[PDB]
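S.K.: Before I ask anything, let me first share the structure, which is written out below as structure tokens.
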Amino acid sequence: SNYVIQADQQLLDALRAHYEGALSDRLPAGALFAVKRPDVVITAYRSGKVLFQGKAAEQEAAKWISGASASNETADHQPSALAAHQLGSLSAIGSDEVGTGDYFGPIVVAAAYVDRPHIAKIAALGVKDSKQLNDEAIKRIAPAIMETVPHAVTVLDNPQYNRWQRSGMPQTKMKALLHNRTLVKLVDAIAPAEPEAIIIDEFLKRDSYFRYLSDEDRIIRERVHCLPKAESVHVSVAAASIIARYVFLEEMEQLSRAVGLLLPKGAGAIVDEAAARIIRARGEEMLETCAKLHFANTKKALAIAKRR
Ligand SMILES: [Mg+2]
């Protein structure tokens with residue numbers, strides 16, 4: 001009976017550093033490293049899962065964790081990593097959006113093309129876990145990325161957003177249209193070059209995605225991969241997220257200036273108050289130029305406006 005355990009980042013680092021001569025070439029999908037230890041083979045995965053196989057498996061496992069669970073699991077590929085393992089090193093276009101949940105502002109979709117020779121460079125900019133990066137880091141990293149790799153962006157401003165919405169087009173359909181159009185722009189811009197893969201950070205079922213594009217004049221379908229948390233699959237997606245956020249911030253600064261009031265992000269109470277201030281100082285119609293009207297925030301702001 002081989003043994004498996006769950007190791008945190010500290011444990012993973014200790015394991016890798018401990019065993020001198022750790023192997024990292026030609027390993028199963030998801031595996032970080034393997035140890036050709038005598039009487040026991042150790043394989044550590046991205047998920048933190050570490051497997052001990054061999055005669056002295058239980059013994060080796062005990063050296064790191066107490067009460068190591070035994071299982072029949074083998075050092076095989078991890079389904080969660082099958083995609084990253086194959087797409088990670090390819091030249092690819094990655095796309096993602098921002099602003100969907102923000103009462104104020106547009107929806108921004110960006111796509112970045114990272115050719116094989118630029119993968120390391122973009123990754124060195126610390127694009128991984130872009131979710132952890134604050135706005136100031138975005139303003140710092142985005143420009144570097146835009147300067148290194150080709151990209152495209154499609155900004156859905158509030159007046160157009162509101163028009164599509166009141167017409168019956170839900171956000172899901174809006175996003176599908178924006179991704180497709182942004183992808184079309186990047187594909188033509190990098191031609192004659194062609195990406196080995198096109199990865200869309202999943203926001204809805206593939207089947208539903210293309211159905212929404214049935215009326216589009218041009219549809220990017222070819223080597224399109226719809227994957228969840230795509231940022232962990234390819235640096236191009238992470239790059240897209242950062243660019244999208246950078247543009248969103250830039251749009252918000254411009255929008256706040258046009259409105260004459262600082263527009264907070266999100267859709268909390270502070271947004272309700274801000275919307276109330278806008279109505280009183282500029283008129284309710286001003287919201288049509290800077291907010292996603294159908295949001296519940298509109299009703300709340302109008303109430304606060306008359307309440308004062
Ligand atoms: Mg997304």
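By convention in this document, the chains of the structure tokens carry letters A, B, ... by their order, each chain's residues are numbered from 1, and ligands are numbered from 1 in the order they are shown.
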Within 8 Å of range 48-65 of chain A, counting only C-alpha atoms, which residues show up once you throw out same-chain ones fewer than 2 positions away? Write them as number ranges by chain, please.

M.R.: A: 1-9, 12, 39-46, 67-68, 74-75

S.K.: Kindly save the residues from that selection, with C-alpha atoms included, as a CSV table (one decimal), in the first residue's frame.

M.R.:
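Saved file out13.csv follows:
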chain,number,residue,atom,x,y,z
A,1,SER,CA,0.0,0.0,0.0
A,2,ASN,CA,1.6,3.3,-1.2
A,3,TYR,CA,0.9,6.5,0.8
A,4,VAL,CA,-0.3,9.9,-0.2
A,5,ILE,CA,-0.4,13.2,1.8
A,6,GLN,CA,-1.5,16.8,1.3
A,7,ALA,CA,1.4,19.2,1.5
A,8,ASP,CA,1.2,23.0,1.8
A,9,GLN,CA,3.6,25.3,0.0
A,12,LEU,CA,6.4,21.2,-0.9
A,39,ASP,CA,13.0,1.6,-2.0
A,40,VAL,CA,10.5,4.5,-2.6
A,41,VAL,CA,9.5,6.9,-5.3
A,42,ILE,CA,8.1,10.3,-4.4
A,43,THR,CA,6.0,12.5,-6.7
A,44,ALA,CA,4.7,15.9,-5.7
A,45,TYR,CA,1.9,17.7,-7.6
A,46,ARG,CA,0.7,21.3,-8.0
A,67,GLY,CA,-0.8,9.7,10.1
A,68,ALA,CA,-0.3,9.4,6.4
A,74,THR,CA,-0.5,5.8,-8.5
A,75,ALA,CA,1.8,8.5,-9.8

S.K.: As an MDAnalysis selection string, please: the residues near residue 197 in chain A (cut-off 7 Å, only C-alpha atoms, same-chain neighbours under 5 positions excluded).

M.R.: chainID A and resid 91:93 223:224

S.K.: Could you turn the residues from that selection into a file that holds N, CA and C atoms, as a short mmCIF file (atom, residue, chain, number, x, y, z; two decimals), in the first residue's frame?

M.R.:
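The resulting file, out17.cif, is reproduced below:
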data_model
loop_
_atom_site.label_atom_id
_atom_site.label_comp_id
_atom_site.auth_asym_id
_atom_site.auth_seq_id
_atom_site.Cartn_x
_atom_site.Cartn_y
_atom_site.Cartn_z
N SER A 91 2.39 28.85 -28.22
CA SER A 91 2.18 30.27 -28.48
C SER A 91 0.65 30.33 -28.45
N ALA A 92 0.09 31.26 -27.70
CA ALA A 92 -1.36 31.33 -27.63
C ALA A 92 -1.93 32.69 -27.36
N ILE A 93 -3.19 32.83 -27.75
CA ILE A 93 -3.93 34.05 -27.49
C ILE A 93 -4.75 33.68 -26.25
N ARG A 223 -9.05 26.91 -33.25
CA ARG A 223 -8.42 26.28 -32.09
C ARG A 223 -8.79 26.99 -30.78
N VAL A 224 -10.08 27.19 -30.56
CA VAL A 224 -10.56 27.84 -29.35
C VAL A 224 -10.78 26.85 -28.21
#

S.K.: Extract, using only C-alpha atoms, all DNA, RNA and protein residues at most 9 Å from residue 265 in chain A, discarding same-chain residues fewer than 3 positions from it, and format them as a list in words.

M.R.: residues 99, 101, 102, 103, 104, 105, 252, 268, 270 and 271 of chain A

S.K.: Please provide the set of residues having any atom within 10 Å of residue 177 in chain A, restricted to only C-alpha atoms, with same-chain residues fewer than 5 positions apart removed, written as a list in words.

M.R.: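 Final neighbour list, sorted by chain and number: residues 109, 154, 171, 172, 182, 183, 209, 210, 212, 213, 215, 216 and 219 of chain A.
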
S.K.: Show me a table, sorted first by chain and then by increasing residue number, of the residues of chain A having an atom at most 12 Å from ligand 1, each with its shortest atom pair and the distance in Å to one decimal, counting only C-alpha atoms and all ligand atoms and written as JSON lines.

M.R.:
{"residue": "A:94", "atom": "CA", "partner": "ligand 1", "partner_atom_place_in_ligand_line": "1 (Mg)", "distance": 10.7}
{"residue": "A:95", "atom": "CA", "partner": "ligand 1", "partner_atom_place_in_ligand_line": "1 (Mg)", "distance": 8.1}
{"residue": "A:96", "atom": "CA", "partner": "ligand 1", "partner_atom_place_in_ligand_line": "1 (Mg)", "distance": 4.9}
{"residue": "A:97", "atom": "CA", "partner": "ligand 1", "partner_atom_place_in_ligand_line": "1 (Mg)", "distance": 5.4}
{"residue": "A:98", "atom": "CA", "partner": "ligand 1", "partner_atom_place_in_ligand_line": "1 (Mg)", "distance": 7.3}
{"residue": "A:99", "atom": "CA", "partner": "ligand 1", "partner_atom_place_in_ligand_line": "1 (Mg)", "distance": 10.2}
{"residue": "A:100", "atom": "CA", "partner": "ligand 1", "partner_atom_place_in_ligand_line": "1 (Mg)", "distance": 9.4}
{"residue": "A:101", "atom": "CA", "partner": "ligand 1", "partner_atom_place_in_ligand_line": "1 (Mg)", "distance": 11.5}
{"residue": "A:107", "atom": "CA", "partner": "ligand 1", "partner_atom_place_in_ligand_line": "1 (Mg)", "distance": 11.4}
{"residue": "A:108", "atom": "CA", "partner": "ligand 1", "partner_atom_place_in_ligand_line": "1 (Mg)", "distance": 10.8}
{"residue": "A:109", "atom": "CA", "partner": "ligand 1", "partner_atom_place_in_ligand_line": "1 (Mg)", "distance": 9.2}
{"residue": "A:110", "atom": "CA", "partner": "ligand 1", "partner_atom_place_in_ligand_line": "1 (Mg)", "distance": 10.5}
{"residue": "A:111", "atom": "CA", "partner": "ligand 1", "partner_atom_place_in_ligand_line": "1 (Mg)", "distance": 11.6}
{"residue": "A:131", "atom": "CA", "partner": "ligand 1", "partner_atom_place_in_ligand_line": "1 (Mg)", "distance": 11.3}
{"residue": "A:172", "atom": "CA", "partner": "ligand 1", "partner_atom_place_in_ligand_line": "1 (Mg)", "distance": 11.0}
{"residue": "A:175", "atom": "CA", "partner": "ligand 1", "partner_atom_place_in_ligand_line": "1 (Mg)", "distance": 9.4}
{"residue": "A:176", "atom": "CA", "partner": "ligand 1", "partner_atom_place_in_ligand_line": "1 (Mg)", "distance": 11.0}
{"residue": "A:179", "atom": "CA", "partner": "ligand 1", "partner_atom_place_in_ligand_line": "1 (Mg)", "distance": 10.3}
{"residue": "A:199", "atom": "CA", "partner": "ligand 1", "partner_atom_place_in_ligand_line": "1 (Mg)", "distance": 11.1}
{"residue": "A:200", "atom": "CA", "partner": "ligand 1", "partner_atom_place_in_ligand_line": "1 (Mg)", "distance": 7.9}
{"residue": "A:201", "atom": "CA", "partner": "ligand 1", "partner_atom_place_in_ligand_line": "1 (Mg)", "distance": 4.9}
{"residue": "A:202", "atom": "CA", "partner": "ligand 1", "partner_atom_place_in_ligand_line": "1 (Mg)", "distance": 6.0}
{"residue": "A:203", "atom": "CA", "partner": "ligand 1", "partner_atom_place_in_ligand_line": "1 (Mg)", "distance": 5.5}
{"residue": "A:204", "atom": "CA", "partner": "ligand 1", "partner_atom_place_in_ligand_line": "1 (Mg)", "distance": 9.3}
{"residue": "A:226", "atom": "CA", "partner": "ligand 1", "partner_atom_place_in_ligand_line": "1 (Mg)", "distance": 10.4}
{"residue": "A:227", "atom": "CA", "partner": "ligand 1", "partner_atom_place_in_ligand_line": "1 (Mg)", "distance": 9.6}
{"residue": "A:228", "atom": "CA", "partner": "ligand 1", "partner_atom_place_in_ligand_line": "1 (Mg)", "distance": 8.1}
{"residue": "A:229", "atom": "CA", "partner": "ligand 1", "partner_atom_place_in_ligand_line": "1 (Mg)", "distance": 7.5}
{"residue": "A:230", "atom": "CA", "partner": "ligand 1", "partner_atom_place_in_ligand_line": "1 (Mg)", "distance": 8.1}
{"residue": "A:231", "atom": "CA", "partner": "ligand 1", "partner_atom_place_in_ligand_line": "1 (Mg)", "distance": 9.1}
{"residue": "A:237", "atom": "CA", "partner": "ligand 1", "partner_atom_place_in_ligand_line": "1 (Mg)", "distance": 9.3}
{"residue": "A:238", "atom": "CA", "partner": "ligand 1", "partner_atom_place_in_ligand_line": "1 (Mg)", "distance": 10.3}
{"residue": "A:240", "atom": "CA", "partner": "ligand 1", "partner_atom_place_in_ligand_line": "1 (Mg)", "distance": 10.0}
{"residue": "A:241", "atom": "CA", "partner": "ligand 1", "partner_atom_place_in_ligand_line": "1 (Mg)", "distance": 8.0}
{"residue": "A:242", "atom": "CA", "partner": "ligand 1", "partner_atom_place_in_ligand_line": "1 (Mg)", "distance": 11.7}
{"residue": "A:244", "atom": "CA", "partner": "ligand 1", "partner_atom_place_in_ligand_line": "1 (Mg)", "distance": 10.5}
{"residue": "A:245", "atom": "CA", "partner": "ligand 1", "partner_atom_place_in_ligand_line": "1 (Mg)", "distance": 11.7}

S.K.: Keeping only N, CA and C atoms, write the selected residues as an mmCIF file, in the first residue's frame.

M.R.:
data_model
loop_
_atom_site.group_PDB
_atom_site.id
_atom_site.type_symbol
_atom_site.label_atom_id
_atom_site.label_comp_id
_atom_site.auth_asym_id
_atom_site.auth_seq_id
_atom_site.Cartn_x
_atom_site.Cartn_y
_atom_site.Cartn_z
ATOM 1 N N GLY A 94 -4.885 34.643 -25.353
ATOM 2 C CA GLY A 94 -5.656 34.440 -24.143
ATOM 3 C C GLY A 94 -6.589 35.627 -24.004
ATOM 4 N N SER A 95 -7.810 35.391 -23.528
ATOM 5 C CA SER A 95 -8.784 36.472 -23.363
ATOM 6 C C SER A 95 -9.513 36.385 -22.023
ATOM 7 N N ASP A 96 -9.966 37.530 -21.523
ATOM 8 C CA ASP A 96 -10.678 37.594 -20.246
ATOM 9 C C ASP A 96 -11.374 38.963 -20.168
ATOM 10 N N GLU A 97 -12.303 39.127 -19.226
ATOM 11 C CA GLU A 97 -13.022 40.393 -19.079
ATOM 12 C C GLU A 97 -13.043 40.887 -17.635
ATOM 13 N N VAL A 98 -13.398 42.158 -17.461
ATOM 14 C CA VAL A 98 -13.483 42.791 -16.146
ATOM 15 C C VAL A 98 -14.615 43.819 -16.175
ATOM 16 N N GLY A 99 -15.150 44.159 -15.006
ATOM 17 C CA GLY A 99 -16.203 45.156 -14.935
ATOM 18 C C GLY A 99 -17.631 44.649 -14.907
ATOM 19 N N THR A 100 -17.811 43.341 -15.066
ATOM 20 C CA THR A 100 -19.144 42.748 -15.069
ATOM 21 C C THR A 100 -19.932 43.031 -13.789
ATOM 22 N N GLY A 101 -19.255 42.989 -12.646
ATOM 23 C CA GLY A 101 -19.932 43.227 -11.379
ATOM 24 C C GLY A 101 -19.952 44.662 -10.873
ATOM 25 N N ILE A 107 -17.734 47.265 -19.475
ATOM 26 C CA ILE A 107 -17.281 45.904 -19.346
ATOM 27 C C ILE A 107 -16.120 45.998 -20.321
ATOM 28 N N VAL A 108 -14.971 45.489 -19.911
ATOM 29 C CA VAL A 108 -13.789 45.516 -20.750
ATOM 30 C C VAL A 108 -13.315 44.091 -21.017
ATOM 31 N N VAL A 109 -13.070 43.790 -22.281
ATOM 32 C CA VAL A 109 -12.561 42.483 -22.663
ATOM 33 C C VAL A 109 -11.221 42.704 -23.355
ATOM 34 N N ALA A 110 -10.209 41.942 -22.958
ATOM 35 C CA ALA A 110 -8.896 42.065 -23.572
ATOM 36 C C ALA A 110 -8.377 40.690 -23.982
ATOM 37 N N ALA A 111 -7.547 40.674 -25.019
ATOM 38 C CA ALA A 111 -6.932 39.448 -25.510
ATOM 39 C C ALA A 111 -5.470 39.767 -25.774
ATOM 40 N N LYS A 131 -4.858 38.061 -9.614
ATOM 41 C CA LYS A 131 -5.970 38.389 -8.734
ATOM 42 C C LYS A 131 -5.467 39.024 -7.444
ATOM 43 N N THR A 172 -24.285 37.610 -20.221
ATOM 44 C CA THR A 172 -23.654 36.435 -20.805
ATOM 45 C C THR A 172 -23.492 36.612 -22.310
ATOM 46 N N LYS A 175 -20.876 39.424 -23.125
ATOM 47 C CA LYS A 175 -19.513 38.924 -22.989
ATOM 48 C C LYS A 175 -19.087 38.050 -24.171
ATOM 49 N N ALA A 176 -19.986 37.178 -24.620
ATOM 50 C CA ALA A 176 -19.691 36.307 -25.757
ATOM 51 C C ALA A 176 -19.344 37.165 -26.982
ATOM 52 N N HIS A 179 -15.951 38.994 -26.462
ATOM 53 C CA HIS A 179 -14.804 38.113 -26.605
ATOM 54 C C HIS A 179 -14.560 37.803 -28.077
ATOM 55 N N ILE A 199 -7.212 30.565 -26.008
ATOM 56 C CA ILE A 199 -7.818 30.209 -24.740
ATOM 57 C C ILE A 199 -8.695 31.285 -24.118
ATOM 58 N N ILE A 200 -9.969 30.954 -23.950
ATOM 59 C CA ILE A 200 -10.932 31.868 -23.363
ATOM 60 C C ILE A 200 -11.215 31.445 -21.928
ATOM 61 N N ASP A 201 -11.040 32.376 -20.999
ATOM 62 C CA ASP A 201 -11.310 32.085 -19.597
ATOM 63 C C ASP A 201 -12.815 31.851 -19.544
ATOM 64 N N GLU A 202 -13.209 30.601 -19.320
ATOM 65 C CA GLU A 202 -14.618 30.215 -19.291
ATOM 66 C C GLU A 202 -15.526 31.065 -18.406
ATOM 67 N N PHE A 203 -16.638 31.511 -18.979
ATOM 68 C CA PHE A 203 -17.613 32.295 -18.237
ATOM 69 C C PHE A 203 -19.007 31.746 -18.526
ATOM 70 N N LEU A 204 -19.046 30.691 -19.335
ATOM 71 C CA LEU A 204 -20.287 30.017 -19.693
ATOM 72 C C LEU A 204 -19.989 28.821 -20.587
ATOM 73 N N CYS A 226 -12.166 26.664 -24.289
ATOM 74 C CA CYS A 226 -12.873 27.321 -23.189
ATOM 75 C C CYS A 226 -12.470 26.594 -21.906
ATOM 76 N N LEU A 227 -11.674 27.254 -21.071
ATOM 77 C CA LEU A 227 -11.197 26.636 -19.839
ATOM 78 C C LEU A 227 -11.418 27.471 -18.575
ATOM 79 N N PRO A 228 -11.777 26.811 -17.458
ATOM 80 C CA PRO A 228 -12.007 27.509 -16.188
ATOM 81 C C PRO A 228 -10.675 27.955 -15.600
ATOM 82 N N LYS A 229 -10.666 29.107 -14.933
ATOM 83 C CA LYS A 229 -9.436 29.635 -14.347
ATOM 84 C C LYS A 229 -8.314 29.504 -15.365
ATOM 85 N N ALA A 230 -8.561 29.991 -16.575
ATOM 86 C CA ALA A 230 -7.575 29.890 -17.640
ATOM 87 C C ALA A 230 -6.223 30.509 -17.302
ATOM 88 N N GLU A 231 -6.208 31.497 -16.410
ATOM 89 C CA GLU A 231 -4.949 32.149 -16.052
ATOM 90 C C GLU A 231 -3.892 31.142 -15.590
ATOM 91 N N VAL A 237 -3.491 34.378 -20.789
ATOM 92 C CA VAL A 237 -4.764 34.708 -20.151
ATOM 93 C C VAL A 237 -4.522 35.684 -19.004
ATOM 94 N N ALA A 238 -3.493 35.409 -18.211
ATOM 95 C CA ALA A 238 -3.136 36.271 -17.097
ATOM 96 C C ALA A 238 -2.829 37.661 -17.643
ATOM 97 N N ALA A 240 -4.013 38.985 -20.370
ATOM 98 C CA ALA A 240 -5.270 39.587 -20.783
ATOM 99 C C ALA A 240 -5.997 40.210 -19.584
ATOM 100 N N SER A 241 -6.085 39.475 -18.476
ATOM 101 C CA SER A 241 -6.752 39.971 -17.269
ATOM 102 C C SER A 241 -6.179 41.305 -16.802
ATOM 103 N N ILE A 242 -4.855 41.374 -16.759
ATOM 104 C CA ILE A 242 -4.151 42.571 -16.321
ATOM 105 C C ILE A 242 -4.411 43.742 -17.260
ATOM 106 N N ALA A 244 -6.982 44.096 -19.249
ATOM 107 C CA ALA A 244 -8.391 44.443 -19.083
ATOM 108 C C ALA A 244 -8.587 45.363 -17.879
ATOM 109 N N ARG A 245 -7.985 44.997 -16.750
ATOM 110 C CA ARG A 245 -8.099 45.790 -15.536
ATOM 111 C C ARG A 245 -7.483 47.171 -15.706
#

S.K.: Distance CA of residue 138 in chain A-CA of residue 246 in chain A, one decimal place?

M.R.: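 CA of residue 138 in chain A sits 6.0 Å away from CA of residue 246 in chain A.
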
S.K.: Could you tell me which of A:196, A:290, A:31, A:277 comes closest to residue 257 in chain A if we count only C-alpha atoms?

M.R.: A:290

S.K.: I'd like to know which residues of range 67-259 of chain A are alpha helix (DSSP H) (by DSSP, run on the backbone); could you write them as a VMD selection string?

M.R.: chain A and resid 82 to 87 119 to 124 135 to 148 158 to 166 171 to 190 206 to 212 235 to 259

S.K.: Nearest residue to residue 186 in chain A out of A:127, A:112, A:133, A:243, using only C-alpha atoms?

M.R.: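 Going through A:127, A:112, A:133, A:243 one by one, the smallest distance to residue 186 in chain A is for A:112.
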